[PDB]
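Here's a solo chain for you in structure tokens, the form solved without the named molecule.
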């Protein structure tokens, strides 16, 4: 009963691709990316949320290490605990570790909960992308082919299921008989297909795309 193909960009739920630079904050970009879609669905407004807010404030208590890495799930937990996250406009991205400067005056979103999906279940991931929205995931990006990707459905024979880079699944589809996940990266427009990579789908959890998926929600109230 699920759609054969999904692309949440078609519903105006995905902000512009960002550029993380030399700061290892893909976990933070993946987290705000997922929440940006839920905020758009609830309020009608598409607003980039502050990845920097996560880097500076969702730190040791959440197991995160700022520009040295982190988790989307504990980023969501911080937003829940903190009762908000600032807009990127008010708290812009500097690709550096800074003191926490969260200001509730510029809160642009909240988070009520988040859900984790079972490891390696690409069918379950498909259902969530179709029925809930863009899903935060990790992938194994430690391959020159990933950095060098330009177009088409990416398949890396030496990929593993051990994730190391946070990204956002904003959809899925098929290209000339190859199924793919539509993945928003945080390496700017010049990476891949305008900042996106289409990654092999239903090929045994390729590059760990379904190893650790999660997504937040903003509930009425």
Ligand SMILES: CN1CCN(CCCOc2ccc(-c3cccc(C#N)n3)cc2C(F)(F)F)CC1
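Positions refer to the first chain, counted from 1.
Regarding 96 to 104 and 116 to 124, which shows the higher C-alpha temperature factor on average in the entry?
96 to 104 has the higher mean C-alpha B-factor.
Give the stretch, out of 128 to 136 and 142 to 150, with the larger mean C-alpha temperature factor in the deposited entry.
Higher of the two, by average CA B-factor, is 142 to 150.
Can you tell me which of 40, 65, 184, 165 has the highest Cα temperature factor in the record?
Among 40, 65, 184, 165, the highest C-alpha B-factor in the entry belongs to 65.
Which third, lowest, middle or highest, does the C-alpha temperature factor of residue 5 belong to within its own chain?
CA B-factor rank for residue 5: middle third.
Just say lowest, middle or highest third for the CA B-factor of residue 36 relative to the other modelled residues in its chain.
Tercile = lowest for this residue's CA B-factor.
Using the B-factors in the PDB entry, rank residue 196's C-alpha atom against the chain and give the third, lowest, middle or highest.
Its C-alpha B-factor, which the entry lists for residue 196, ranks in the lowest third among residues of this chain.
Of the three thirds of its chain by CA temperature factor, lowest, middle or highest, which one includes residue 52?
Residue 52: CA B-factor falls in the middle third of its chain.
Rank-wise, by C-alpha B-factor, drop residue 59 into the lowest, middle or highest third of its chain.
Middle third, going by the recorded CA B-factors of the chain.
The form solved in complex with the named molecule is left out here; the points below concern that form.
Decide open or blocked for this chain: the named molecule is absent here, so superimpose its site C-alphas on those in the bound PDB entry and check whether 3 or more ligand atoms come within 2.4 Å of a backbone or C-beta atom.
Pocket open on this form.
Does residue 15 reach the named molecule in the bound PDB entry if we count a contact as any heavy atom within 4.5 Å?
Close contact is absent here: in the bound PDB entry, residue 15 is far from the named molecule, nothing within 4.5 Å, heavy atoms only.
Verify the contact flag for residue 150: yes if a non-hydrogen atom of it lies within 4.5 Å of a non-hydrogen atom of the named molecule in the bound PDB entry, no if not.
Output for residue 150 is yes: heavy atoms within 4.5 Å of the named molecule.
Even though the partner isn't displayed, in the bound PDB entry is residue 186 close enough to the named molecule, meaning a heavy atom within 4.5 Å?
Yes, contact at 4.5 Å.
With the partner left out here, check for me: in the bound PDB entry, does some heavy atom of residue 190 sit within 4.5 Å of the named molecule?
Although the named molecule is absent here, residue 190 would touch it in the bound PDB entry, with heavy atoms inside 4.5 Å.
So if I measure heavy atom distances to the named molecule in the bound PDB entry, which of the stretches 102 to 110, 82 to 90, 126 to 134, 141 to 149 falls within 4.5 Å?
Contact-bearing stretch, as computed: 141 to 149.
Need the contact residues for 4 to 19: heavy atom within 4.5 Å of the named molecule in the bound PDB entry, sequence order, or none if there are none.
Residue within 4.5 Å: 19, and no other.
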